[PDB]
file protein30.cif (mmCIF, C-alpha atoms and all ligand atoms)
data_run
#
loop_
_atom_site.label_atom_id
_atom_site.label_comp_id
_atom_site.auth_asym_id
_atom_site.auth_seq_id
_atom_site.Cartn_x
_atom_site.Cartn_y
_atom_site.Cartn_z
CA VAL A 413 -16.06 -19.59 15.69
CA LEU A 414 -12.29 -19.21 15.41
CA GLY A 415 -10.86 -15.98 16.79
CA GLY A 416 -8.10 -13.73 15.57
CA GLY A 417 -9.94 -12.96 12.35
CA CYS A 418 -9.51 -16.50 11.00
CA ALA A 419 -13.28 -17.07 10.84
CA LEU A 420 -13.55 -14.61 7.95
CA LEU A 421 -10.33 -15.94 6.41
CA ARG A 422 -11.80 -19.45 6.20
CA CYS A 423 -14.81 -18.03 4.31
CA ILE A 424 -12.71 -16.91 1.32
CA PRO A 425 -13.05 -20.28 -0.50
CA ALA A 426 -16.85 -19.96 -0.24
CA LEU A 427 -16.62 -16.89 -2.50
CA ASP A 428 -14.84 -18.83 -5.27
CA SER A 429 -17.93 -20.99 -5.89
CA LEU A 430 -20.05 -17.97 -6.86
CA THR A 431 -20.93 -17.09 -10.46
CA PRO A 432 -21.34 -13.31 -10.89
CA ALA A 433 -24.14 -12.25 -13.20
CA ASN A 434 -22.12 -9.46 -14.82
CA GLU A 435 -18.81 -7.62 -14.44
CA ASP A 436 -19.94 -5.27 -11.66
CA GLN A 437 -21.12 -8.17 -9.50
CA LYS A 438 -17.71 -9.76 -10.03
CA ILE A 439 -16.11 -6.50 -8.90
CA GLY A 440 -18.23 -6.51 -5.75
CA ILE A 441 -17.40 -10.14 -4.98
CA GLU A 442 -13.69 -9.36 -5.40
CA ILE A 443 -14.08 -6.36 -3.08
CA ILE A 444 -15.55 -8.58 -0.37
CA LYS A 445 -12.88 -11.23 -1.00
CA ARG A 446 -10.08 -8.70 -0.50
CA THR A 447 -11.86 -7.24 2.54
CA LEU A 448 -12.15 -10.60 4.31
CA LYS A 449 -8.41 -10.51 5.13
CA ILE A 450 -8.54 -7.12 6.92
CA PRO A 451 -9.24 -8.14 10.56
CA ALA A 452 -6.37 -10.64 10.73
CA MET A 453 -4.02 -8.22 8.98
CA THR A 454 -4.91 -5.45 11.44
CA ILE A 455 -4.47 -7.73 14.45
CA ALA A 456 -1.07 -8.84 13.15
CA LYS A 457 -0.03 -5.25 12.35
CA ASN A 458 -0.91 -4.06 15.86
CA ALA A 459 1.39 -6.81 17.18
CA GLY A 460 4.38 -5.34 15.33
CA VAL A 461 4.68 -8.03 12.64
CA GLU A 462 3.90 -8.15 8.91
CA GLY A 463 0.20 -8.84 8.48
CA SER A 464 0.46 -10.11 4.90
CA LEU A 465 2.86 -12.94 5.75
CA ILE A 466 0.78 -13.91 8.79
CA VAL A 467 -2.41 -14.08 6.72
CA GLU A 468 -0.67 -16.06 3.97
CA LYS A 469 0.67 -18.60 6.46
CA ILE A 470 -2.77 -18.86 8.07
CA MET A 471 -4.43 -19.53 4.71
CA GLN A 472 -1.78 -22.08 3.70
CA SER A 473 -2.23 -23.98 6.99
CA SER A 474 -4.92 -26.42 8.09
CA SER A 475 -8.42 -25.23 8.92
CA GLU A 476 -7.91 -25.51 12.69
CA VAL A 477 -4.63 -23.54 12.80
CA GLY A 478 -4.44 -19.79 13.26
CA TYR A 479 -2.20 -17.06 14.69
CA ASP A 480 -1.85 -16.17 18.37
CA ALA A 481 -0.75 -12.54 18.29
CA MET A 482 -0.37 -12.40 22.08
CA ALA A 483 2.02 -15.36 22.12
CA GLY A 484 3.14 -14.59 18.58
CA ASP A 485 2.99 -18.05 17.02
CA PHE A 486 0.76 -20.34 15.00
CA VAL A 487 -1.44 -22.48 17.26
CA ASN A 488 -4.79 -24.26 17.48
CA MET A 489 -7.34 -21.56 18.29
CA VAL A 490 -10.01 -23.86 19.75
CA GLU A 491 -7.39 -25.57 21.93
CA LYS A 492 -5.88 -22.27 23.11
CA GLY A 493 -9.31 -20.70 23.63
CA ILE A 494 -9.08 -17.91 21.03
CA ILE A 495 -12.73 -17.99 19.97
CA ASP A 496 -15.24 -15.35 18.91
CA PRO A 497 -19.05 -15.21 19.03
CA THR A 498 -20.37 -15.90 15.54
CA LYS A 499 -23.14 -13.34 16.08
CA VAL A 500 -20.55 -10.60 16.63
CA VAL A 501 -18.64 -11.52 13.46
CA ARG A 502 -21.69 -11.72 11.22
CA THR A 503 -23.19 -8.51 12.64
CA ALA A 504 -19.96 -6.57 12.13
CA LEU A 505 -19.57 -7.82 8.56
CA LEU A 506 -23.20 -7.15 7.64
CA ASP A 507 -23.27 -3.61 9.03
CA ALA A 508 -19.89 -2.62 7.58
CA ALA A 509 -20.70 -3.99 4.12
CA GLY A 510 -24.18 -2.50 4.06
CA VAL A 511 -23.13 1.03 4.90
CA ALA A 512 -19.89 1.13 2.90
CA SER A 513 -21.52 -0.29 -0.24
CA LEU A 514 -24.12 2.48 -0.19
CA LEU A 515 -21.40 5.05 0.46
CA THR A 516 -19.47 3.90 -2.62
CA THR A 517 -22.46 4.58 -4.92
CA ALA A 518 -22.18 8.38 -4.72
CA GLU A 519 -21.38 10.83 -7.50
CA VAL A 520 -22.44 14.15 -5.95
CA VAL A 521 -22.00 15.46 -2.39
CA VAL A 522 -23.98 18.46 -1.11
CA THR A 523 -22.85 20.20 2.09
CA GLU A 524 -23.56 23.49 3.85
CA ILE A 525 -21.24 26.45 3.39
CA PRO A 526 -19.51 27.03 6.76
CA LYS A 527 -21.20 30.22 7.93
CA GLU A 528 -19.91 29.68 11.48
CA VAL B 413 24.24 -12.33 -10.90
CA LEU B 414 20.51 -12.91 -10.61
CA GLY B 415 18.29 -9.96 -11.48
CA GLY B 416 15.11 -8.63 -9.95
CA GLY B 417 16.78 -8.05 -6.59
CA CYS B 418 17.23 -11.77 -5.89
CA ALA B 419 21.02 -11.45 -5.73
CA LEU B 420 20.78 -9.48 -2.48
CA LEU B 421 18.01 -11.78 -1.23
CA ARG B 422 20.29 -14.80 -1.58
CA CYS B 423 22.90 -13.03 0.59
CA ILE B 424 20.62 -12.96 3.66
CA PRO B 425 21.82 -16.41 4.88
CA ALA B 426 25.41 -15.14 4.75
CA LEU B 427 24.52 -12.65 7.51
CA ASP B 428 23.33 -15.40 9.89
CA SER B 429 26.87 -16.81 10.20
CA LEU B 430 28.21 -13.57 11.72
CA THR B 431 28.93 -13.15 15.43
CA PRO B 432 28.41 -9.51 16.49
CA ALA B 433 30.92 -8.20 19.00
CA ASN B 434 28.29 -6.30 21.01
CA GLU B 435 24.64 -5.28 20.86
CA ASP B 436 25.11 -2.29 18.55
CA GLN B 437 26.91 -4.42 15.96
CA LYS B 438 23.99 -6.85 16.13
CA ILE B 439 21.63 -3.92 15.53
CA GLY B 440 23.63 -2.89 12.47
CA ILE B 441 23.69 -6.43 11.10
CA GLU B 442 19.91 -6.66 11.55
CA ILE B 443 19.51 -3.31 9.78
CA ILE B 444 21.43 -4.64 6.78
CA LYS B 445 19.47 -7.92 6.89
CA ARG B 446 16.15 -6.06 6.77
CA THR B 447 17.46 -3.72 4.06
CA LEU B 448 18.55 -6.55 1.75
CA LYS B 449 14.89 -7.26 0.88
CA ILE B 450 14.13 -3.71 -0.30
CA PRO B 451 14.94 -3.88 -4.06
CA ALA B 452 12.73 -6.93 -4.64
CA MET B 453 9.85 -5.46 -2.63
CA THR B 454 10.10 -2.18 -4.54
CA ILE B 455 10.14 -3.93 -7.92
CA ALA B 456 7.14 -6.06 -6.92
CA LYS B 457 5.27 -3.03 -5.55
CA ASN B 458 5.77 -1.10 -8.78
CA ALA B 459 4.23 -4.11 -10.56
CA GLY B 460 1.01 -3.72 -8.57
CA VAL B 461 1.41 -6.82 -6.37
CA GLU B 462 2.27 -7.36 -2.70
CA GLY B 463 6.03 -7.20 -2.31
CA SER B 464 6.17 -9.07 1.00
CA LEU B 465 4.51 -12.22 -0.32
CA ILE B 466 6.67 -12.16 -3.46
CA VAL B 467 9.85 -11.88 -1.41
CA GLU B 468 8.73 -14.64 0.97
CA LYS B 469 7.98 -16.97 -1.95
CA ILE B 470 11.35 -16.12 -3.51
CA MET B 471 13.18 -16.95 -0.28
CA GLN B 472 11.25 -20.19 0.23
CA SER B 473 12.07 -21.35 -3.32
CA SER B 474 15.23 -22.86 -4.78
CA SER B 475 18.32 -20.72 -5.31
CA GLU B 476 17.85 -20.47 -9.09
CA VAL B 477 14.21 -19.31 -8.96
CA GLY B 478 13.19 -15.66 -8.93
CA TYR B 479 10.23 -13.45 -9.81
CA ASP B 480 9.58 -12.07 -13.30
CA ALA B 481 7.66 -8.88 -12.58
CA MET B 482 7.13 -8.17 -16.29
CA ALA B 483 5.57 -11.59 -16.88
CA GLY B 484 4.34 -11.73 -13.29
CA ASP B 485 5.36 -15.26 -12.36
CA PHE B 486 8.12 -17.23 -10.66
CA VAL B 487 10.69 -18.41 -13.20
CA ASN B 488 14.38 -19.26 -13.66
CA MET B 489 16.25 -15.95 -13.82
CA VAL B 490 19.30 -17.15 -15.76
CA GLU B 491 17.15 -19.08 -18.24
CA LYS B 492 14.86 -16.08 -18.86
CA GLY B 493 17.80 -13.67 -19.02
CA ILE B 494 16.95 -11.51 -15.99
CA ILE B 495 20.54 -10.87 -14.91
CA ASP B 496 22.38 -7.93 -13.37
CA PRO B 497 26.03 -6.85 -13.37
CA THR B 498 27.55 -7.78 -10.02
CA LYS B 499 29.61 -4.58 -10.06
CA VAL B 500 26.43 -2.48 -10.21
CA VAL B 501 24.84 -4.34 -7.29
CA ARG B 502 27.88 -4.19 -5.04
CA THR B 503 28.55 -0.53 -5.88
CA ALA B 504 24.96 0.47 -5.11
CA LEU B 505 24.96 -1.41 -1.81
CA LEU B 506 28.34 -0.05 -0.72
CA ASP B 507 27.54 3.58 -1.49
CA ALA B 508 24.06 3.47 0.06
CA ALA B 509 25.29 1.80 3.24
CA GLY B 510 28.30 4.07 3.62
CA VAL B 511 26.37 7.31 3.36
CA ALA B 512 23.25 6.27 5.29
CA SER B 513 25.22 4.77 8.19
CA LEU B 514 27.07 8.06 8.66
CA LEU B 515 23.78 9.95 8.36
CA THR B 516 22.25 7.89 11.17
CA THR B 517 25.03 8.87 13.63
CA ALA B 518 23.87 12.48 14.06
CA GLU B 519 22.51 14.15 17.18
CA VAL B 520 22.73 17.85 16.25
CA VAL B 521 21.93 19.59 12.96
CA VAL B 522 23.07 23.15 12.22
CA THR B 523 21.50 25.08 9.33
CA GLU B 524 21.37 28.68 8.15
CA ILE B 525 18.41 30.86 9.08
CA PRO B 526 16.51 31.56 5.82
CA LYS B 527 17.35 35.22 5.24
CA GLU B 528 16.15 34.99 1.62
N1 LIG C 601 -4.50 -13.77 21.79
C1 LIG C 601 -5.06 -13.45 20.60
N2 LIG C 601 -4.49 -13.82 19.44
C2 LIG C 601 -5.04 -13.51 18.25
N3 LIG C 601 -6.17 -12.81 18.12
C3 LIG C 601 -6.85 -12.37 19.20
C4 LIG C 601 -6.32 -12.67 20.54
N4 LIG C 601 -7.17 -12.12 21.42
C5 LIG C 601 -8.16 -11.52 20.71
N5 LIG C 601 -7.96 -11.67 19.39
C6 LIG C 601 -8.84 -11.15 18.32
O1 LIG C 601 -8.97 -9.74 18.44
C7 LIG C 601 -10.32 -9.34 18.19
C8 LIG C 601 -10.79 -8.45 19.33
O2 LIG C 601 -10.33 -7.13 19.12
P1 LIG C 601 -11.17 -5.94 19.78
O3 LIG C 601 -10.22 -4.84 20.18
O4 LIG C 601 -12.13 -6.54 20.76
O5 LIG C 601 -12.00 -5.50 18.47
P2 LIG C 601 -13.60 -5.48 18.43
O6 LIG C 601 -13.99 -4.39 19.39
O7 LIG C 601 -13.90 -5.20 16.99
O8 LIG C 601 -14.03 -6.86 18.86
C9 LIG C 601 -11.17 -10.59 18.16
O9 LIG C 601 -11.72 -10.76 16.85
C10 LIG C 601 -10.23 -11.74 18.46
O10 LIG C 601 -10.45 -12.78 17.51
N1 LIG C 602 11.51 -8.55 -16.13
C1 LIG C 602 12.01 -8.31 -14.90
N2 LIG C 602 11.58 -9.00 -13.83
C2 LIG C 602 12.06 -8.78 -12.60
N3 LIG C 602 12.99 -7.85 -12.32
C3 LIG C 602 13.51 -7.08 -13.30
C4 LIG C 602 13.04 -7.27 -14.68
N4 LIG C 602 13.71 -6.39 -15.44
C5 LIG C 602 14.54 -5.70 -14.62
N5 LIG C 602 14.42 -6.11 -13.35
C6 LIG C 602 15.18 -5.58 -12.20
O1 LIG C 602 14.95 -4.18 -12.07
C7 LIG C 602 16.15 -3.50 -11.74
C8 LIG C 602 16.34 -2.33 -12.69
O2 LIG C 602 15.62 -1.20 -12.22
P1 LIG C 602 16.11 0.25 -12.69
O3 LIG C 602 14.90 1.12 -12.92
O4 LIG C 602 17.16 0.07 -13.75
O5 LIG C 602 16.84 0.68 -11.33
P2 LIG C 602 18.41 1.03 -11.27
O6 LIG C 602 18.53 2.30 -12.07
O7 LIG C 602 18.66 1.19 -9.80
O8 LIG C 602 19.11 -0.15 -11.87
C9 LIG C 602 17.29 -4.48 -11.90
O9 LIG C 602 17.91 -4.72 -10.64
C10 LIG C 602 16.67 -5.76 -12.41
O10 LIG C 602 17.16 -6.86 -11.64
#
call {"tool": "encode", "arguments": {"input": "protein30.cif", "output": "structure tokens"}}
result
Amino acid sequence: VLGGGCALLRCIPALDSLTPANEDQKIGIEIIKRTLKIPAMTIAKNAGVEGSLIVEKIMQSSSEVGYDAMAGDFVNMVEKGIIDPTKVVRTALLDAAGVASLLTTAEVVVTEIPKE
Amino acid sequence: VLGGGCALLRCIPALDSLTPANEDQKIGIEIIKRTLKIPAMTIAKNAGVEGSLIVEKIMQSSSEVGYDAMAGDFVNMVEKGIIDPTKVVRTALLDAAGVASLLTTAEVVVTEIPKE
């Protein structure tokens, strides 16, 4: 799939066709929708530029256009060879979402008093 | 002049017609150019939205269009009555620049040892 975090960016419209059952499901869908922009924003931020503007310009462009952080310009990722294994992307997303969702369901935390 | 910080945003193109004498003058001009976006970003950030995208959309729009943070949409500033006294804007910019530029020319700081 496209590299640079654009694979997850192109999946944002797929979340607008969902119908949440209740308000909490809508909250969760919005959480995932906001999260989908994080990899591209982080890659742009590490390059010394503003991640928000880069992500906005990526989303306003055509489906084959993304951002080359190394060169620092908007290019065709398949043509330039910035591609990612789809297995890696889906595995990372699934694991991150699964663990963090369960973490965010906590109300009480029990730890051990630091004897040593 | 236009309110919401758009008056300073519209002065960014006026800084592209300058020819710096040397590299340090270019650095100072770039500092002012980056600073000119700050009021609009701060107003947008206090409104709970992303300031960078708001400022980018303001700059890509026509000269009479700005952002209504109270309503939360892009409107005509003069028509909606979001206007600022030009004296206030120029005074704020002049004082801030004058003091901060002198502050940024320091290499040594001498203070009193805290006896009490
Ligand atoms: N030249 C480039 N331009 C834009 N994005 C890139 C470029 N090279 C790699 N990337 C992106 O950076 C990510 C790789 O970062 P990396 O440090 O390997 O993180 P991870 O260990 O999570 O894969 C990939 O998702 C890839 O899409
Ligand atoms: N409805 C609005 N939409 C957008 N910007 C506004 C609105 N109302 C006021 N502003 C902007 O907010 C600024 C006023 O902020 P304020 O708290 O008075 O700061 P200051 O004391 O420095 O003037 C003005 O520059 C004005 O342009």
call {"tool": "residues_near_ligand", "arguments": {"input": "protein30.cif", "ligand": "ligand LIG 602 (chain C)", "cutoff": "6 Å", "atoms": "all atoms listed in the file", "output": "PDB file with C-alpha atoms, in the frame of the given file"}}
result
ATOM      1  CA  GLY B 415      18.290  -9.960 -11.480  1.00  0.00           C
ATOM      2  CA  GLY B 416      15.110  -8.630  -9.950  1.00  0.00           C
ATOM      3  CA  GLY B 417      16.780  -8.050  -6.590  1.00  0.00           C
ATOM      4  CA  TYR B 479      10.230 -13.450  -9.810  1.00  0.00           C
ATOM      5  CA  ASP B 480       9.580 -12.070 -13.300  1.00  0.00           C
ATOM      6  CA  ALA B 481       7.660  -8.880 -12.580  1.00  0.00           C
ATOM      7  CA  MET B 482       7.130  -8.170 -16.290  1.00  0.00           C
ATOM      8  CA  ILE B 494      16.950 -11.510 -15.990  1.00  0.00           C
ATOM      9  CA  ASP B 496      22.380  -7.930 -13.370  1.00  0.00           C
TER      10      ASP B 496
END
call {"tool": "axis_aligned_box", "arguments": {"input": "protein30.cif", "around": "ligand LIG 601 (chain C)", "padding_each_side": "6 Å", "output": "JSON"}}
result
{"center_x": -9.3, "center_y": -9.1, "center_z": 19.3, "size_x": 21.5, "size_y": 21.4, "size_z": 16.9}
call {"tool": "closest_atom_pairs", "arguments": {"input": "protein30.cif", "of": "chain A", "to": "chain B", "cutoff": "12 Å", "atoms": "only C-alpha atoms", "output": "tab-separated table"}}
result
residue	atom	partner	partner_atom	distance
A:461	CA	B:464	CA	11.8
A:462	CA	B:464	CA	8.3
A:463	CA	B:464	CA	9.6
A:464	CA	B:465	CA	6.9
A:465	CA	B:465	CA	6.3
A:466	CA	B:465	CA	10.0
A:467	CA	B:465	CA	10.0
A:468	CA	B:465	CA	7.7
A:469	CA	B:465	CA	10.1
call {"tool": "calpha_fit_and_write", "arguments": {"input": "protein30.cif", "fixed": "chain B", "moving": "chain A", "output": "short mmCIF file (atom, residue, chain, number, x, y, z; two decimals) with C-alpha atoms, in the coordinates of the input"}}
result
data_model
loop_
_atom_site.label_atom_id
_atom_site.label_comp_id
_atom_site.auth_asym_id
_atom_site.auth_seq_id
_atom_site.Cartn_x
_atom_site.Cartn_y
_atom_site.Cartn_z
CA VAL A 413 24.25 -12.32 -10.88
CA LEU A 414 20.51 -12.92 -10.62
CA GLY A 415 18.31 -9.95 -11.47
CA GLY A 416 15.11 -8.67 -9.95
CA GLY A 417 16.78 -8.03 -6.61
CA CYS A 418 17.25 -11.74 -5.88
CA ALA A 419 21.05 -11.40 -5.74
CA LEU A 420 20.77 -9.47 -2.47
CA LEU A 421 18.00 -11.78 -1.24
CA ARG A 422 20.28 -14.81 -1.59
CA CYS A 423 22.90 -13.04 0.57
CA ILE A 424 20.65 -12.98 3.66
CA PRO A 425 21.83 -16.43 4.90
CA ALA A 426 25.44 -15.16 4.77
CA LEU A 427 24.52 -12.66 7.51
CA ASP A 428 23.32 -15.41 9.88
CA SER A 429 26.85 -16.83 10.19
CA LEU A 430 28.20 -13.59 11.70
CA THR A 431 28.91 -13.14 15.41
CA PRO A 432 28.41 -9.50 16.48
CA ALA A 433 30.91 -8.20 18.99
CA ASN A 434 28.31 -6.29 21.01
CA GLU A 435 24.65 -5.27 20.88
CA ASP A 436 25.12 -2.29 18.56
CA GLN A 437 26.92 -4.41 15.96
CA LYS A 438 24.01 -6.84 16.15
CA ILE A 439 21.64 -3.92 15.55
CA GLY A 440 23.64 -2.89 12.49
CA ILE A 441 23.69 -6.43 11.10
CA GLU A 442 19.91 -6.66 11.57
CA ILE A 443 19.52 -3.31 9.79
CA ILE A 444 21.43 -4.62 6.78
CA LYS A 445 19.49 -7.90 6.90
CA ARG A 446 16.15 -6.08 6.78
CA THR A 447 17.46 -3.74 4.06
CA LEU A 448 18.52 -6.58 1.76
CA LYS A 449 14.85 -7.27 0.89
CA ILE A 450 14.12 -3.69 -0.30
CA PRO A 451 14.97 -3.89 -4.05
CA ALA A 452 12.79 -6.94 -4.69
CA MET A 453 9.96 -5.49 -2.61
CA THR A 454 10.10 -2.22 -4.55
CA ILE A 455 10.16 -4.00 -7.91
CA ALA A 456 7.16 -6.10 -6.89
CA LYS A 457 5.30 -3.05 -5.52
CA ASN A 458 5.79 -1.12 -8.76
CA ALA A 459 4.20 -4.08 -10.57
CA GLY A 460 0.98 -3.71 -8.56
CA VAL A 461 1.40 -6.80 -6.37
CA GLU A 462 2.26 -7.35 -2.70
CA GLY A 463 6.03 -7.19 -2.31
CA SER A 464 6.16 -9.07 1.00
CA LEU A 465 4.49 -12.21 -0.36
CA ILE A 466 6.68 -12.12 -3.48
CA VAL A 467 9.86 -11.86 -1.40
CA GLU A 468 8.71 -14.64 0.94
CA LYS A 469 7.97 -16.97 -1.97
CA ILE A 470 11.34 -16.12 -3.53
CA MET A 471 13.18 -16.92 -0.29
CA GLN A 472 11.25 -20.17 0.22
CA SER A 473 12.08 -21.32 -3.33
CA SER A 474 15.25 -22.82 -4.77
CA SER A 475 18.34 -20.70 -5.31
CA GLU A 476 17.84 -20.45 -9.09
CA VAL A 477 14.18 -19.35 -8.93
CA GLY A 478 13.08 -15.73 -8.76
CA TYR A 479 10.21 -13.42 -9.76
CA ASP A 480 9.58 -12.04 -13.25
CA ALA A 481 7.64 -8.85 -12.58
CA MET A 482 7.16 -8.17 -16.30
CA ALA A 483 5.56 -11.57 -16.89
CA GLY A 484 4.36 -11.70 -13.29
CA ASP A 485 5.37 -15.24 -12.33
CA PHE A 486 8.13 -17.22 -10.68
CA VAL A 487 10.73 -18.36 -13.22
CA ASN A 488 14.41 -19.21 -13.66
CA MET A 489 16.21 -15.88 -13.96
CA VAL A 490 19.33 -17.19 -15.73
CA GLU A 491 17.16 -19.09 -18.22
CA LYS A 492 14.87 -16.10 -18.86
CA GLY A 493 17.81 -13.68 -19.04
CA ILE A 494 16.96 -11.51 -16.01
CA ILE A 495 20.54 -10.88 -14.90
CA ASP A 496 22.36 -7.93 -13.36
CA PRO A 497 26.02 -6.85 -13.38
CA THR A 498 27.54 -7.78 -10.03
CA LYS A 499 29.60 -4.57 -10.07
CA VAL A 500 26.41 -2.49 -10.21
CA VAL A 501 24.85 -4.36 -7.28
CA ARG A 502 27.90 -4.19 -5.04
CA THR A 503 28.55 -0.52 -5.87
CA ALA A 504 24.96 0.47 -5.11
CA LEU A 505 24.96 -1.42 -1.81
CA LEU A 506 28.34 -0.06 -0.71
CA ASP A 507 27.52 3.58 -1.49
CA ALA A 508 24.03 3.46 0.04
CA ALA A 509 25.22 1.77 3.23
CA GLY A 510 28.24 4.02 3.61
CA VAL A 511 26.35 7.28 3.36
CA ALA A 512 23.22 6.26 5.28
CA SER A 513 25.21 4.77 8.17
CA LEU A 514 27.06 8.06 8.64
CA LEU A 515 23.79 9.96 8.37
CA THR A 516 22.26 7.88 11.17
CA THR A 517 25.04 8.87 13.62
CA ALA A 518 23.85 12.47 14.05
CA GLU A 519 22.54 14.15 17.19
CA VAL A 520 22.73 17.84 16.24
CA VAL A 521 21.91 19.58 12.94
CA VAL A 522 23.08 23.14 12.22
CA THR A 523 21.50 25.07 9.33
CA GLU A 524 21.35 28.68 8.17
CA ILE A 525 18.40 30.87 9.07
CA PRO A 526 16.51 31.57 5.81
CA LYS A 527 17.35 35.22 5.23
CA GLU A 528 16.16 34.99 1.61
#
call {"tool": "closest_residue", "arguments": {"input": "protein30.cif", "among": "A:418, A:512, A:517, A:460", "to": "ligand LIG 601 (chain C)", "atoms": "only C-alpha atoms and all ligand atoms"}}
result
A:418
